[PDB]
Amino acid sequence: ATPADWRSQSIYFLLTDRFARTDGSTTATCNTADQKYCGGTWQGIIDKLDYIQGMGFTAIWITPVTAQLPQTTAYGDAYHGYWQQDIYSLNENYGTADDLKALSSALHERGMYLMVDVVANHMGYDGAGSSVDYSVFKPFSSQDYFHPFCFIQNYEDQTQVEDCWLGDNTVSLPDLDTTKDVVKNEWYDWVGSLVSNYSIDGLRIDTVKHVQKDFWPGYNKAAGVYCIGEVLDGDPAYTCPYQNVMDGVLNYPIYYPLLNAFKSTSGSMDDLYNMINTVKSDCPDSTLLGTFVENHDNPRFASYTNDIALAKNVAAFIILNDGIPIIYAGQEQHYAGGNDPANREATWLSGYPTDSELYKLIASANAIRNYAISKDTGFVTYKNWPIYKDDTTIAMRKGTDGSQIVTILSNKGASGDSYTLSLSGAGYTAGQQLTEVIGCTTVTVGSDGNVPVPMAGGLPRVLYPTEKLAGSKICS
């Protein structure tokens, strides 16, 4: 439930509707352009727990659970869960309050945490904000519970960004006035009981920049478990300060330079080394941010480049950076959907192969991370530090002196020449034996402390003291 506890977790983010069906189908059609319920359920999930778990994940984040407007709107169905009308009732398309129960239960039983996405900024309604029937919302049954109708025309304007409505003339999202002790009151109450009732460990919160700053603290205190919020802004100067009002925020400041460093063979490694330091110095606790390169609101990685060397590099950055690693369902199967709705593909259609290239990379990076933290209680709080950078390389170091992992990432791609990198600044002793745990090869520390790192095929390299791998299963 705890911030301090969520520090050692790694999350699999899935859209309930699109991860796993109850009949375990792997072929049922799911056309994204149609934007309708495809059929995923909470039972399908419980049924594919070994698939998540064998990638080394320790928790899953699932989309909102509240009862949605019922219509098929001009923009599709509420399959994503972000247009609620009734929060004391569940979206019957995913299952039953029992099902939601079993899942929290299968998870907990396997040592996993359950994170649930929640909305507080708004409701959803099929029509013009002007004709809304506030009598459908439960419990916000009067327009008196809502800011008056206006749409955000300028986002650089923060009071209108928080007080006007998101959405449009087609699908309107009635904006609550969270300023009133009533809105508040009910919202604090609800969050708290919801958590209790299904036993979830953390909350992912939507549209945080749309609610004025002051609502959150009590939101976060009432919930009683870790809250990570969505602040959709790339400026650390705008986003980080929310850390002053809730445990963590999603790493959007790192997202933009990370994508840009690995999306091309010419990506800038400077912008990323630089952003890694800025977030480390200016954000309250970089160790409580969530790292990500893909989600359902942005084109997937492989839409920008089909190179698997590059895909392999960004996946290993996210698992090994400071914070909670988050991988979006489909990333591991190299899905390449573009903007919404193309980036909400059903995971089942890949067949759920555990021998996929990104599946294996992800699994072997979660492996090391999971073990290091078994043996270095300082790892989750040691701040990642870029020790080196070149036009096609960056290398970082995290973990207590003596038990430190040194990751070497590169953007040379699936060609990328074969040459030796003499990496200085690792801080391993001379003559010490290191294991590259991705490829399970060994290298020996210099004499001068330099590590002759063998590079090829633009592959990521992750080093760790061979000695420290022991009663370890990492490379046998």
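Throughout, we count residues from 1 along the sequence that is shown.
Report task. Between 448-456 and 13-21, point out the one with the higher average CA B-factor as the PDB entry records it. Result -> 448-456 has the higher mean C-alpha B-factor.
Report task. Can you let me know which of the two, 138-146 or 338-346, has the higher average C-alpha B-factor in the entry? Result -> Per the PDB record, 138-146.
Query raised in the report: When the CA B-factors of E332, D233, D214, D307 are compared as recorded in the entry, which is the largest?
Result: Most elevated C-alpha B-factor of the set, per the entry: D214.
Query - Residue selected from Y125, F292, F151, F301 by maximal Cα B factor - result: Each of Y125, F292, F151, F301 was compared by C-alpha B-factor; the highest is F151.
Query - Ranked against its chain, the third holding the CA B-factor of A430 - result: Tercile = highest for this residue's CA B-factor.
Query - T392 CA temperature factor, ranked by third within the chain - result: For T392, whose C-alpha B-factor we compare with every modelled residue in the chain, the answer is the middle third.
**Report entry** B-factor third for the C-alpha atom of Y382 within its chain
**Finding:** Tercile = middle for this residue's CA B-factor.
Requested in this report: Could you say whether, by C-alpha temperature factor, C30 belongs to the lowest, middle or highest third of its chain?
Outcome: As the PDB entry reports it, the C-alpha B-factor of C30 lands in the middle third of its chain.
Report task. Would you mind checking where the Cα B-factor of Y255 ranks among the modelled residues of its chain, as the lowest, middle or highest third? Result -> Its C-alpha B-factor, which the entry lists for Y255, ranks in the lowest third among residues of this chain.
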